[PDB]
Structure formats: structure tokens, C-alpha cells
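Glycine gets a Cβ as well: all are built from the backbone with ideal geometry, and neighbour counts include every protein chain shown. All of this is worked out from the model, or read from it or from the source named; no laboratory read-out is quoted.
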């Protein structure tokens, strides 16, 4: 396949926006758990706060109380189990597609490399001299000069 | 300044917090002021020395599992430190094997968790170094903890640190 | 008066630590990739792997402390400004997640091939039981297939030179 | 025990190193006999921290030697052992007198009188080890040892280890 | 369908007719679906329509501050079952109502319901809050990781890398010219 | 066109040197040119502020020579306002620079002669 | 150099020998333990994005 500059920058921007949303959700989760921490401790939770949040709301402003211990029902057990089976199946299908695409890429690359090596053998005799060289990639350079002859 | 012999002093004992006149809590830095004595736990020492080595590598250029980390720090030592590195290499493999915490986030948050104790830097460095599992075990391993920390606070700190240690 | 005894002590600050590590690593990803030039691929792969390990540590900590966290409900306090900053608190205790994750979750639900709306619950129970038996058979097939296979000096230079300079024969 | 300390060293530069970039020869010469050097006053010096700025002031020519004397002040990470401290390590050698455990950059010897009596030497084992009813002390084995006596010379530090206390021994 | 925790309930029609103050939160919460229609609170409400131990000081301030709640709890101690009391108040607009069963006395608390801006909310437990946040975080990192993988290109001559998308003497000239 | 009038009346209060009396007030600029050497075009924003760099075209034949656009723009804008009269200092510095890379090209020809 | 290839091939082989097997193995349903949707989601992302 072929991929372009505009496609590259589009993919970069969309993964950037997705990871922005990721850190936003994680940061609100952390900031919530530290806000609830500051009610009882006030020492360690204040470190992970935001200065704007401390400006707009004072700590120790949340509270929790214990509802009694409850045994979860079997209906949501089988709901979670069937959702687990669906998630596993979808992950397996995604893995299959990933492995097939990577195999196709690897097979094309290996065909090119094996053609290169067969050309090297049918091209280069042991009398010739070859050494690696950098640009910084590895290239095989043959010395055809007479300076050592 | 007085020229007294002052040859009488107590022996340097970690149990009695005596670490020598050159290891007091207040240390005079090169800029002049008194500053708190810096005691590093083993993970903290490994992170600090690794940061120093990568800083020296960057200066030279401009001028995670244990197996993949040992080779990386070894080639870093080879490309960074010259001769007489046998002691440094022994120290780096020692800090790799005895690494309670891997990344900087764990070590720094362990420091701010131990700063809530308000205890001596040496004993909290020992707590970050030694992997004690019970409060009385830490008390008999570190005699400075006797009549210094509450048993329940020590228990929750140790079991917290057990939760904090990774891999 | 106000009290804070319904709050968990070690579960909550432990998950605060783990989530703080996750956020810090996400920030490291951000200032690693916000530049116009990407870093070389091994470092970013290591960052991705350590973030995945951090999140699996997060869910291990949370799932190991499953109960006594279902049992603690959160409510705000009068010290919280609930008039000029109730928009702050309504997206602070929310458990209704973003529409993308649960539309994908419902898409996952219908692609499982079996549902609840037209099947009775014990049929689902026996289907999950036989699926678990199939997992057991597959993993013991993998186990027996894995267990079927296995997983200089000819002389002394100094003595020769002592011969050539003195005449003493090399003693053997 | 590991520490970060500000140290000052008197360094003599030979007059051959009085070049246009004398400071970098002086910094390297600071490096090879401080990195890994053992001093009894400050412990085994491990690494010289903060290389970019190091306090190199004006150096005095020795009146009869001709070498320049620089009192270089620097910050370095050290490892100074003390009595009554508990350090973990690995055994690197064993004998009938005892075994030596490597702690950081330094080796600590644990004598035959400082193991519990259930531990006894077994020279027939390859490598030779100390065997007990519940555990063995072999080479390349993690062991927790408390240092109860250490001697430091002007350039060498040696310590005595013991594992007879409870919650010590192999890890 | 949306279950009981992810919904904000309000009756601004009831606010227009009656209005909400520190006294009429009980029937306003009774209009809410969170209220138990078989609770002890509503049977004693129908009957009445037709210092003190085993309480925390937070409710004691409410009882000594407002009378109608203290004869409410004085009628509530006679009966047993699930009840509804207000643990804390903040005028002009903040309330909380806790599910609570009482036995003889022994009291356990249950799910609370905090009131903000005359809007009834179910107090959520924090496990599903952080679980929903982790749903968002995990789905977002899933999308980033899938969207990143298509740019990755492997060659055998080099390492694995990214897909490549499809004068130097002038500073010396500047420094020599001055 | 009123900016062309602006830069035309700006040089009314400016004395013009003999090597740079050839100018073309056009395209919102004034084209200070020296034949077969260079042509620099400049403009200003108002009366009391000095001019600023716009472009510079080399009139010598090697053209299409690469130029480091913002370092040269930086020191041109530096020597504009800090100088007592801008045009003479700009002419002197630009003449020095063009003769400098002409000498560099001559040295390149000398080293390629070997 | 040539010694490092030995243990490199050894470690690649010993993780290929068990990784697909453990991928199949950890998809186990029980009431390891997945008592919430979070464990299900993190397993179904970690398999694809980690194995």
C-alpha cells in the first residue's frame, strides 16, 4: 500500500485527539480520587491537585458513607459473562485481521529480500570484496579499485 | 576555632543514629547554606545514578524487565564511564538486582509518602530499601524505629509499600 | 458533625498512586509525541508497554479490592460550592461513560452470536458452561502440545628465544 | 549506606597538562581516581554527580615540584557502611572461615562464629556452601546481613557481618 | 433503558406549585422514583396526615435545628423498617436523604441521595465512577494504539520503524561579513 | 497606492546616495537597485518609523542563489533603526556582503582550478 | 556478538512457545477473576495490543 503526507498528518492529529481525551478522563478520575482523599488525609492528596481547582474549590468538600454489603445477582453475572464472551470474540477477530495483514506485509518483504539475496549470490563471486557502509543505513559496497592491486 | 584534641566520641552506630560528625542531618553545601542530609534508598540511588549517566551521555553526544535493563545500563557504563568502573559496575548490578521500584514515578511518590512520616531520612531510606513485611520485623531490623512510629502506622506504611512494589 | 469514616484508607490512595502513574506516563507520551518529529520506535513502544502494564496494575488493584468499593457511595459536602460550581461536581461523580465506549460495547454484545432477549437464562448458563469446558479442552490441548516437545601452545616462546640467544636446549 | 555528599579533593596536575583546555584534563583526572575510589572518611565514592559545573578554582603551583595543586570541590554519590545497619547482598565466595557477601561495591565477610549453629560448612559441595536444616548459603544467593563492625583505613574499608539475629539470613 | 444511578430527577412543576425549602424535601423526594412506596416513612406520613442516643451528631444538629424532623424521628422510633432522614442541610439549596433501616436499637445506613439546586441525584459509589473513567481511558488508548499501528513499517536491512510519507555556509558568510 | 505615496514621501526627508539614486517606487515598495549587483525593495508602515526589509534580488550572474531569509532580515532590521541614516549603512553593508560572496566564488574557482 | 545471538534466539523461542498458549489460556470465564466490566475490557485490549 501507499500512504501520503496528508494521511500521515490526519492520523497523527486523530491519535493526538484520542490521547488528549484519554489523559483528560484519566486526569479527572485522578483528581476526583484525590479530592475524596483530601477529606480524610489532607496530606498526600494535595500534591496531585490542580492549582485552578484549589483556587475555585477548597479541599475536604466530599464525603462517603457505607451502604451495606450486597451479594451481586446472577442476572448481571450472566450479563457480564456474555459481554465477556463477546469482547473476547471481537478481540480474536481483530487479532486475526492484524496477523493476516502483518503476514502479507512480511511475505512481500521476504520475497523482496530473498530476490535480493539470490541476486547477490548469482551476482557476486568470492573473488570480489564487499563491506558494509553507512549513509546511516546499511549498504553493501564493493571495492573495484586497483589501489590494492 | 579551638585546637582541642576532642578525641573522645561515641562509635558510629546506625541503631543510635550516630553516623559520624560528617554525617549529621544538616549538611553545608558548596553554596554555603545548611541543607538536609541526602540518604538514598537503593531504587532511588539507581534512578539518580542512571539519570547522572544519561546526562553525561547527552553531554558527550552534544560535545521494564531486569534482563533488558542490565544490558542497557552496562552499555551505558561502557559508553559513559572510563577506567576504575569495577566498583561502579558492581554497584549498578547490585542496584539492578535489589530494585524495589523501577520508574521515577514510583520512587518519587514513595518519597512523598515517606515525607508524611516526618521521620529521619536514614530510617525512611532503609524502609525504602529493606523489604520488611511486618512492623516488628522492621523494628528489629531497624532499631531506630523503636519509640519512633506507631505500630498501626508502620503496618499500613509497610503493607502500602508492599502494594507499591512492582515486578 | 461531619465525619469521614465511610472513606476507604488504603484502596483509595493505592489506586490514586496507580492512576497518578498512569496520568504521568500519558503526559510523557504527550510531550514525547507532540513534537513534529517522532521519537525512534523502540522508546515509544516501551512507553506503550509500560502504560499497558500500569493500567493492568490499576485494574488488578481495583478488582482485588472489588468489594468495600461497591459499598462506599460519595456525596458532596456543604463546604463544596453547589450553586456556582455544581457544573464542576456533576461531571465529577458521573458513572455514565462516553457514548463511544458503550455503543461499541453494544456492538460487541450483538456480535457475540447469543443474547438474552430471546433465550431463557438457564440456556445462557449452560452455553457459558460448555464454552468454559471448550476453553478447558483448548488449553489442555495447548498444554499437551507444548509438553510433547522440548522448550594450544606447541612450545614455550621464551625458551625458544633463550635457545636462539644463548644455545640452551628447550627442556621438555 | 548510599549518600549524596559534597566533597573536596586536592588534585595535582602535571605541567604537561597545562594546555588551552586544562579544565577538561582536570575533570577527567578528577574522574579516574574518584570514580570507584575508596576513602575511609567518606566511604566508597561511586559516581561524580553534576559534571557540567564543578568547582575548579585557581590552582597553586607547588614550589619545588612544579605541579599545580587544585582543590576541586564536587558532589558525588558515596556508599559508607556503618555498624548496626542491615544491608542485602549476594555471596561471592565461601570458605571454612566464612563467606564474603558483596554489598553495593563493597565485600563484607561473615565469620564462622556469626552464623547460627545449624549452619555448617560443607566443602564437598561444588561450589562449597554452608548448609542448614532449612536453608543453604551458596554462591550467587541473596542474603540479608547486618553489619556489626567495620574498619576503615585511609583507602580501604572492611566490615564484619552476622546473620544470627532473627529476620536475617537468606532472602 | 437507563438504571437508577445515571439519571438526574427534578420536578420544576412541583417547584412552581409548591416550591422547595428545608421543610418540603421529604414529599419532593417521595415524588422521586428513588422513594420506596412500601417504606415506613410513607406509612407514617399517611398516618400523621390522617438527649437521644443511637444517632450520629450530624443528624442531631438537624433534629435540634428543625422541629418537624425531630417529631418525624420520634414517630419513626416506634416502627421498624426502611426510613428516610436528612443527615445534613445547607441553606438555601443543598440536601441529602439516606436510605436507612432501623431495628430494636440498631441502625445501619444505606444509599444516600444528595440534592443540589433542587435536583435530586442518586449518590453513586466510586467503583463504577472510576470504572466508567477507565472505560473512557481504555477505549481512547485502544483507538490511539490501533491508529498508530498502521504507520509502522518493518525492513530487514534496518530496524522496525515508521512509514515515510509520500546554504549551510550562509551562517559563516554572516559571521565573516561582520 | 497610498503606501507607495508613503514610501515616496519618506525618501523626501532622506538623502539618497549616488549608487542608490536608481529607485522604482512601485508594487507598494521602492526598488533601490544597483545595476548588475543587487536590487533591494523596502517599505515602511508610517512616517516616524523606519522602513523594514521586504526582499532583495541579486543582479549578478553566477542567479537563483539561496539566501538565509530571516538572519539577513534580522540584522537588516537591526541596522535600519539603530543607524543615524539607514540607506547609506544598508548600501555599505550590502555592498560588503555581495563582494564577500563574490570573493568566495572567486576562491571556489581558484580551488576548482587545481 | 555471536554469543548474544544464542540467548537472543533462546529468549525469543521461549516466549513464542508460551505466548499463544497463554493468550488462549487467560480467556477463562469465572464468577483469572473478572467480577466487573473493567477486567473484561482491559483483557480484551491487552491481548490485541500486547500479545
Qualifying strands (runs of 3 or more DSSP E) (wholly inside region E:87-178; at least 2 residues being under 29 Å from residue A:37 (Cβ atoms) and within 12 Å of chain C (Cβ to nearest Cβ)): E:94-103, E:106-116, E:119-121
Residue among B:105, B:64, B:44, B:22 that alone is in a helix (DSSP H, G or I) and farther than 22 Å from residue D:51 by Cα: B:105
Of the criteria (1) outside any loop (DSSP other than H, G, I, E, B); (2) under 27 Å from residue A:54 (Cα atoms); (3) more than 7 Å from every other protein chain (Cβ to nearest Cβ), which one residue C:75 fails: (3)
Residue within region C:149-166 that is within 8 Å of chain A (Cβ to nearest Cβ) and in contact with a helix residue (DSSP H, G or I) (Cβ under 6 Å, 6 or more places away or on another chain) present: no
Of all residues in region B:52-67 being more than 9 Å from chain D (Cβ to nearest Cβ) and in contact with a helix residue (DSSP H, G or I) (Cβ under 9 Å, 6 or more places away or on another chain), the one that is surrounded by the most Cβ atoms within 10 Å (Cβ to Cβ): B:64
Some residue of region B:25-35 being closer than 28 Å to residue C:54 by Cα and either in the same structural domain as residue B:11 (by CATH) or under 23 Å from the mean Cα position of the chain (by Cα) (or both): no
Top-ranked residue in region B:96-122 [being buried (at least 21 other Cβ atoms within 10 Å of the Cβ) and in contact with a strand residue (DSSP E or B) (Cβ under 9 Å, 6 or more places away or on another chain); ranked as nearest to residue B:15 (Cα to Cα)]: B:122
Residue match in region A:39-56 (condition: touching a strand residue (DSSP E or B) at 6+ places or on another chain (Cβ under 8 Å) and either more than 30 Å from residue C:111 (Cα to Cα) or more than 7 Å from chain C (Cβ to nearest Cβ) (or both)): yes
Which listed residue is surrounded by 12 or more Cβ atoms within 10 Å (Cβ to Cβ) and either in a helix (DSSP H, G or I) or touching a strand residue (DSSP E or B) at 6+ places or on another chain (Cβ under 6 Å) (or both), from C:131, C:158: C:131
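Among F:43, F:49, F:89, F:83, which is the only one that is more than 11 Å from every other protein chain (Cβ to nearest Cβ), touching a strand residue (DSSP E or B) at 6+ places or on another chain (Cβ under 6 Å) and closer than 21 Å to residue F:14 by Cα? Before you say what the answer is, go through the steps one by one.
Working: F:49 fails: touching a strand residue (DSSP E or B) at 6+ places or on another chain (Cβ under 6 Å); F:89 fails: touching a strand residue (DSSP E or B) at 6+ places or on another chain (Cβ under 6 Å); F:83 fails: touching a strand residue (DSSP E or B) at 6+ places or on another chain (Cβ under 6 Å).
The conditions single out F:43.
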Unmet criterion (only one of (1) in contact with a helix residue (DSSP H, G or I) (Cβ under 9 Å, 6 or more places away or on another chain); (2) surrounded by fewer than 19 Cβ atoms within 10 Å (Cβ to Cβ); (3) facing chain D (nearest Cβ under 10 Å)) for residue B:143: (1)
Which numbered condition residue A:87 misses (of (1) farther than 30 Å from residue C:131 by Cβ; (2) at the interface with chain C (Cβ under 10 Å from one of its Cβ atoms); (3) surrounded by 14 or more Cβ atoms within 10 Å (Cβ to Cβ)): (1)
Subset of region A:95-137 [closer than 30 Å to residue G:50 by Cα and part of a loop (DSSP other than H, G, I, E, B)]: A:137
Selected residue [surrounded by 12 or more Cβ atoms within 10 Å (Cβ to Cβ) and more than 10 Å from chain A (Cβ to nearest Cβ)] from G:17, G:36, G:44: G:17
Test set (1) farther than 21 Å from residue A:64 by Cα; (2) in contact with a helix residue (DSSP H, G or I) (Cβ under 8 Å, 6 or more places away or on another chain) - residue E:37 fails condition number: (2)
Any hit, region C:23-31, residues being under 23 Å from the mean Cα position of the chain (by Cα), within 24 Å of residue A:18 (Cα to Cα), crowded, with 18+ Cβ neighbours inside 10 Å and more than 7 Å from every other protein chain (Cβ to nearest Cβ): yes
Residue identified as assigned to a strand (DSSP E or B) and over 17 Å from residue F:3 (Cα atoms) among F:56, F:42: F:56
Verdict on residue B:44 being within 24 Å of residue C:53 (Cα to Cα), surrounded by fewer than 15 Cβ atoms within 10 Å (Cβ to Cβ) and within 12 Å of chain D (Cβ to nearest Cβ): no
Residue match in region B:80-102 (condition: within 30 Å of residue D:57 (Cα to Cα) and more than 8 Å from chain D (Cβ to nearest Cβ)): yes
Options C:52, C:44; residue that is at the interface with another protein chain (Cβ under 7 Å from one of its Cβ atoms), part of a helix (DSSP H, G or I) and either touching a strand residue (DSSP E or B) at 6+ places or on another chain (Cβ under 7 Å) or more than 30 Å from residue E:86 (Cβ to Cβ) (or both): C:52
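Counting only residues that are assigned to a loop (DSSP other than H, G, I, E, B) and under 20 Å from the mean Cα position of the chain (by Cα), which one in region D:142-171 is surrounded by the most Cβ atoms within 10 Å (Cβ to Cβ)? Outline the logic, then answer.
Restricting attention to region D:142-171, the residues satisfying the condition of being assigned to a loop (DSSP other than H, G, I, E, B) are D:153-156, D:163-168, D:171.
Restricting the remaining residues to those that are under 20 Å from the mean Cα position of the chain (by Cα) gives D:153-156.
Numbers: D:153: 10, D:154: 8, D:155: 9, D:156: 12.
So, considering only residues that are assigned to a loop (DSSP other than H, G, I, E, B) and under 20 Å from the mean Cα position of the chain (by Cα), the one surrounded by the most Cβ atoms within 10 Å (Cβ to Cβ) is D:156.
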Filter result (over 30 Å from residue A:59 (Cβ atoms) and facing chain E (nearest Cβ under 8 Å)) within region A:10-38: A:11, A:14, A:15, A:18
Residue in region D:7-19 that is more than 12 Å from the chain's Cα centre (by Cα), surrounded by 14 or more Cβ atoms within 10 Å (Cβ to Cβ) and at the interface with chain B (Cβ under 10 Å from one of its Cβ atoms) present: yes
Selection within region E:47-64 - surrounded by fewer than 12 Cβ atoms within 10 Å (Cβ to Cβ) and within 19 Å of residue E:104 (Cα to Cα): E:51, E:53, E:54
Conditions (1) surrounded by fewer than 15 Cβ atoms within 10 Å (Cβ to Cβ); (2) in a loop (DSSP other than H, G, I, E, B); (3) under 28 Å from the mean Cα position of the chain (by Cα); number of the one not met by residue A:13: (2)
